[PDB]
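Visitor: Please read through the structure below; I'll follow up with questions.
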Amino acid sequence: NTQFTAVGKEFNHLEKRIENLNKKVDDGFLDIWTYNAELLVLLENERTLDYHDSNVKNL
Amino acid sequence: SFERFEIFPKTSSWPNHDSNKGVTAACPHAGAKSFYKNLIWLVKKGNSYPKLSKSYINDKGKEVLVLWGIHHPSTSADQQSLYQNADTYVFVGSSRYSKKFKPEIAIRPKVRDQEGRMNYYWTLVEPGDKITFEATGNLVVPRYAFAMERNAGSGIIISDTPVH
Amino acid sequence: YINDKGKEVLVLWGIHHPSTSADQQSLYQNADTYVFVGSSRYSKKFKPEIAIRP
């Protein structure tokens, strides 16, 4: 999926708690996607080279 | 959409105050004391500064963004130089907005060689709405406003990267 | 008022800002007035802003 998003927010010397809430929402999403982007390609690469193996063995 | 227009024109709408002695070195142009183009530092006509009471109705199709300032002078000495009356107040009013300001007179660490300060405010008068100004000194009135449609859904890039 | 009720009590009030000095006096006679709500935690002194809004 892909919503129009405009990540990025400005705060001042006096709204630092918020700015840190915003920080963790981001880091939070980073750690999530990075992990799934990786295991996805990893496990999908696994299965794809078995497909091919499975395929000649069928021949 | 974003059209900038002049509501309170530097000529007609300021009969009883000085429309162009409102100028400081903090804001130089041509190496010569000037000021903002959209505001207008209304000072005392002669030895007078009557109650000013200007209103504007938003007839433009969209909503209009209005900015103004409140001037806090370094000392009682120049509060009088600028506006004669020592106790003053500004009052912006509107269907939704509404705040009475009172100038805080004190000496703050020189900045841009300035021991006084100016606070800037904004507010969005929606279509059909009126908005009253009213003052006895210390107001920095609008010259220009901005009518606009926002899709108010985006952000700011801060970068040294070229535009193409 | 002391809150003796078992739970917590939600209190609302208003501060009235009159159009003009004319009716500030009609309503409350004194021209300079203030309200003061106080409490163990809360505590604010209000002063009525007298002006004519749309």
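Identifiers in the structure tokens: chain A, B, ... in order shown; residue index from 1 per chain; ligand index from 1 in order shown.
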Any chance you could tabulate, as a tab-separated table, the residues of chain A at most 10 Å from chain B with each one's nearest atom pair and distance in Å to one decimal, using only C-alpha atoms, in chain and rising number order?
Guide:
```
residue	atom	partner	partner_atom	distance
A:4	CA	B:153	CA	8.9
A:5	CA	B:154	CA	7.6
A:6	CA	B:154	CA	5.4
A:7	CA	B:155	CA	7.5
A:8	CA	B:155	CA	6.7
A:9	CA	B:155	CA	7.7
A:10	CA	B:156	CA	9.0
```
Visitor: Name all residues at most 12 Å from residue 12 (chain C) (count only C-alpha atoms; drop same-chain ones fewer than 3 positions away) and give them as an mmCIF file with N, CA, C and O atoms, in the first residue's frame.
Guide:
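Okay, selection03.cif is ready:
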```cif
data_model
loop_
_atom_site.group_PDB
_atom_site.id
_atom_site.type_symbol
_atom_site.label_atom_id
_atom_site.label_comp_id
_atom_site.auth_asym_id
_atom_site.auth_seq_id
_atom_site.Cartn_x
_atom_site.Cartn_y
_atom_site.Cartn_z
ATOM 1 N N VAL C 9 -15.379 15.141 41.476
ATOM 2 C CA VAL C 9 -16.469 15.988 41.057
ATOM 3 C C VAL C 9 -16.019 16.976 39.988
ATOM 4 O O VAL C 9 -15.046 17.684 40.149
ATOM 5 N N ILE C 15 -16.784 32.755 32.523
ATOM 6 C CA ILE C 15 -16.299 34.096 32.768
ATOM 7 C C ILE C 15 -16.898 34.948 31.690
ATOM 8 O O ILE C 15 -16.708 34.652 30.514
ATOM 9 N N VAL C 37 -10.951 31.517 40.707
ATOM 10 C CA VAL C 37 -11.151 30.132 41.101
ATOM 11 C C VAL C 37 -9.864 29.616 41.718
ATOM 12 O O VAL C 37 -8.776 29.926 41.255
#
```
Visitor: Give me, as a compact mmCIF listing (two decimals) with C-alpha atoms, in the first residue's frame, the residues of chain B touching chain C, with the criterion being at most 10 Å (counting only C-alpha atoms).
Guide:
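Dumped to iface-v9.txt:
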```txt
# COMPACT_ATOMS: atom_id res chain seq x y z
CA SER B 55 -12.78 46.22 10.57
CA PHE B 91 -7.88 44.09 20.70
CA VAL B 92 -8.23 41.72 17.79
CA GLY B 93 -11.70 40.24 17.53
CA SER B 94 -13.49 37.91 15.16
CA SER B 95 -16.24 35.30 15.03
CA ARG B 96 -13.93 32.63 16.51
CA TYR B 97 -10.75 34.47 17.55
CA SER B 98 -10.73 37.20 20.21
CA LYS B 99 -7.81 38.36 22.38
CA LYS B 100 -6.99 41.55 24.30
CA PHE B 101 -3.25 42.35 24.22
CA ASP B 129 -16.58 36.49 8.70
CA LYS B 130 -15.77 39.97 9.99
CA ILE B 131 -12.62 40.88 11.91
CA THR B 132 -12.20 43.95 14.12
CA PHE B 133 -9.03 45.78 15.06
CA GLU B 134 -8.89 48.32 17.86
```
Visitor: Give me the residues near residue 150 (chain B) as a PDB file with N, CA and C atoms, in the first residue's frame, where near means some atom within 12 Å (using only C-alpha atoms) and where sequence neighbours in that chain fewer than 4 positions away do not count.
Guide:
```
ATOM      1  N   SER B   1      -4.434  27.441  -3.932  1.00  0.00           N
ATOM      2  CA  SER B   1      -4.755  28.790  -4.342  1.00  0.00           C
ATOM      3  C   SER B   1      -4.215  29.746  -3.306  1.00  0.00           C
ATOM      4  N   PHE B   2      -3.737  30.894  -3.759  1.00  0.00           N
ATOM      5  CA  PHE B   2      -3.040  31.792  -2.875  1.00  0.00           C
ATOM      6  C   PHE B   2      -2.870  33.138  -3.528  1.00  0.00           C
ATOM      7  N   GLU B   3      -3.827  34.024  -3.283  1.00  0.00           N
ATOM      8  CA  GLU B   3      -3.742  35.375  -3.809  1.00  0.00           C
ATOM      9  C   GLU B   3      -3.503  36.349  -2.664  1.00  0.00           C
ATOM     10  N   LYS B  62     -12.471  32.207  -0.794  1.00  0.00           N
ATOM     11  CA  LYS B  62     -11.746  31.342   0.126  1.00  0.00           C
ATOM     12  C   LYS B  62     -11.578  31.957   1.519  1.00  0.00           C
ATOM     13  N   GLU B  63     -10.620  31.430   2.267  1.00  0.00           N
ATOM     14  CA  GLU B  63     -10.336  31.979   3.573  1.00  0.00           C
ATOM     15  C   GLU B  63      -9.099  32.862   3.503  1.00  0.00           C
ATOM     16  N   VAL B  64      -9.077  33.871   4.358  1.00  0.00           N
ATOM     17  CA  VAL B  64      -8.064  34.897   4.309  1.00  0.00           C
ATOM     18  C   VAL B  64      -7.181  34.859   5.548  1.00  0.00           C
ATOM     19  N   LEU B  65      -5.879  34.813   5.330  1.00  0.00           N
ATOM     20  CA  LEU B  65      -4.914  34.684   6.406  1.00  0.00           C
ATOM     21  C   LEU B  65      -4.385  36.055   6.805  1.00  0.00           C
ATOM     22  N   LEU B 124      -7.037  32.846  10.769  1.00  0.00           N
ATOM     23  CA  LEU B 124      -7.749  32.610   9.526  1.00  0.00           C
ATOM     24  C   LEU B 124      -9.210  32.973   9.662  1.00  0.00           C
ATOM     25  N   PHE B 146      -3.640  37.425   2.893  1.00  0.00           N
ATOM     26  CA  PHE B 146      -3.534  36.376   1.884  1.00  0.00           C
ATOM     27  C   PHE B 146      -4.782  35.495   1.845  1.00  0.00           C
ATOM     28  N   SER B 154       0.753  18.520   3.658  1.00  0.00           N
ATOM     29  CA  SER B 154       2.109  18.345   3.138  1.00  0.00           C
ATOM     30  C   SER B 154       3.242  18.742   4.104  1.00  0.00           C
TER      31      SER B 154
END
```
Visitor: From a backbone DSSP assignment, name each residue in chain A labelled alpha helix (DSSP H), as a PyMOL selection string.
Guide: chain A and resi 16-58
Visitor: Using only C-alpha atoms, which of B:29, B:164, B:4, B:110 sits nearest residue 145 (chain B)?
Guide: B:4
Visitor: Residues near residue 21 (chain C), anyone? I mean within 12 Å using only C-alpha atoms, not counting same-chain ones fewer than 2 positions away, as an MDAnalysis selection string.
Guide: chainID C and resid 17:19 23:33 48:52
Visitor: Those selected residues, please, written with N, CA and C atoms and delivered as a tab-separated table (two decimals), in the first residue's frame.
Guide:
```tsv
chain	number	residue	atom	x	y	z
C	17	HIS	N	-17.40	38.18	29.38
C	17	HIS	CA	-16.79	39.41	28.88
C	17	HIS	C	-17.80	40.25	28.11
C	18	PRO	N	-18.15	41.40	28.67
C	18	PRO	CA	-19.22	42.24	28.13
C	18	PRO	C	-18.75	43.06	26.96
C	19	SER	N	-19.69	43.37	26.06
C	19	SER	CA	-19.40	44.18	24.90
C	19	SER	C	-18.80	45.52	25.27
C	23	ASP	N	-22.58	48.20	29.77
C	23	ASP	CA	-23.27	47.05	30.38
C	23	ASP	C	-22.44	46.27	31.40
C	24	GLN	N	-21.13	46.41	31.37
C	24	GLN	CA	-20.38	45.91	32.49
C	24	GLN	C	-21.02	46.47	33.77
C	25	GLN	N	-21.51	47.71	33.71
C	25	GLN	CA	-22.04	48.36	34.90
C	25	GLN	C	-23.49	47.98	35.14
C	26	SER	N	-24.23	47.82	34.04
C	26	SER	CA	-25.60	47.34	34.10
C	26	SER	C	-25.65	46.00	34.82
C	27	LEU	N	-24.70	45.13	34.47
C	27	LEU	CA	-24.64	43.78	35.00
C	27	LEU	C	-24.03	43.70	36.39
C	28	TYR	N	-22.91	44.38	36.63
C	28	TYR	CA	-22.18	44.19	37.88
C	28	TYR	C	-21.72	45.46	38.55
C	29	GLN	N	-22.14	46.62	38.06
C	29	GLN	CA	-21.86	47.90	38.72
C	29	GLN	C	-20.38	48.30	38.75
C	30	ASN	N	-19.56	47.51	39.46
C	30	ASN	CA	-18.13	47.75	39.44
C	30	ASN	C	-17.57	47.61	38.03
C	31	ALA	N	-16.71	48.54	37.64
C	31	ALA	CA	-16.14	48.53	36.31
C	31	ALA	C	-14.91	47.63	36.22
C	32	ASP	N	-14.03	47.70	37.23
C	32	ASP	CA	-12.90	46.79	37.31
C	32	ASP	C	-13.27	45.63	38.22
C	33	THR	N	-13.22	44.43	37.67
C	33	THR	CA	-13.65	43.24	38.37
C	33	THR	C	-12.64	42.13	38.13
C	48	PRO	N	-11.98	40.16	33.16
C	48	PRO	CA	-12.86	40.37	32.01
C	48	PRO	C	-12.32	41.36	30.98
C	49	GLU	N	-12.28	40.93	29.72
C	49	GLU	CA	-11.78	41.74	28.62
C	49	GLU	C	-12.94	42.42	27.87
C	50	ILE	N	-13.09	43.74	28.07
C	50	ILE	CA	-14.28	44.48	27.62
C	50	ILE	C	-14.18	45.12	26.23
C	51	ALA	N	-14.80	44.50	25.24
C	51	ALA	CA	-14.65	44.96	23.86
C	51	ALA	C	-15.75	44.43	22.98
C	52	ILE	N	-15.89	44.99	21.79
C	52	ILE	CA	-16.97	44.61	20.90
C	52	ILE	C	-16.55	43.68	19.77
```
Visitor: Please identify the strand (DSSP E) residues within chain C (assignment by DSSP from backbone atoms) and present them as a VMD selection string.
Guide: chain C and resid 35 to 38 43 to 46
Visitor: Calculate how many Å separate CA of residue 41 (chain A) from CA of residue 23 (chain A), rounding to one decimal.
Guide: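 Rounded to one decimal, the two atoms are 27.2 Å apart.
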Visitor: Could you name the residues that touch region 48-53 of chain B at 7 Å or less, counting only C-alpha atoms, but leaving out those on the same chain fewer than 2 positions away, as JSON, numbers by chain?
Guide: {"B": [17, 44, 45, 46, 55, 83, 84, 133, 134, 135, 136, 137]}
Visitor: Applying 9 Å and only C-alpha atoms, which residues near residue 122 (chain B) remain after dropping the ones on its own chain fewer than 2 positions away? List them as number ranges by chain.
Guide: B: 65-69, 120, 124
Visitor: What does the file look like for those residues with N, CA, C and O atoms, as a compact mmCIF listing (two decimals), in the first residue's frame?
Guide:
```txt
# COMPACT_ATOMS: atom_id res chain seq x y z
N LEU B 65 -5.88 34.81 5.33
CA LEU B 65 -4.91 34.68 6.41
C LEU B 65 -4.38 36.05 6.81
O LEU B 65 -3.69 36.69 6.03
N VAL B 66 -4.70 36.50 8.02
CA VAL B 66 -4.30 37.84 8.46
C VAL B 66 -3.22 37.85 9.54
O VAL B 66 -3.32 37.15 10.55
N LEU B 67 -2.17 38.64 9.34
CA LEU B 67 -1.08 38.71 10.30
C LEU B 67 -0.99 40.10 10.86
O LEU B 67 -1.29 41.07 10.16
N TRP B 68 -0.57 40.20 12.12
CA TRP B 68 -0.34 41.50 12.73
C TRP B 68 0.64 41.33 13.83
O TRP B 68 1.02 40.21 14.15
N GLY B 69 1.04 42.44 14.42
CA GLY B 69 2.03 42.43 15.46
C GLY B 69 1.63 43.25 16.66
O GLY B 69 0.73 44.08 16.59
N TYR B 120 4.27 38.55 16.91
CA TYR B 120 3.49 38.44 15.69
C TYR B 120 2.40 37.40 15.86
O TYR B 120 2.63 36.34 16.43
N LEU B 124 -7.04 32.85 10.77
CA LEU B 124 -7.75 32.61 9.53
C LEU B 124 -9.21 32.97 9.66
O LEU B 124 -9.99 32.21 10.22
```
Visitor: When you draw a straight line from CA of residue 22 (chain B) to CA of residue 9 (chain B), how long is it in Å?
Guide: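 Going from CA of residue 22 (chain B) over to CA of residue 9 (chain B), I get 14.8 Å.
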Visitor: List as a PyMOL selection string the protein and nucleic acid residues near residue 104 (chain B), meaning an atom at most 12 Å away when only C-alpha atoms are counted, but skip any in the same chain fewer than 2 places from it.
Guide: chain B and resi 70-76+79+86-89+101-102+106-108+116-119+138
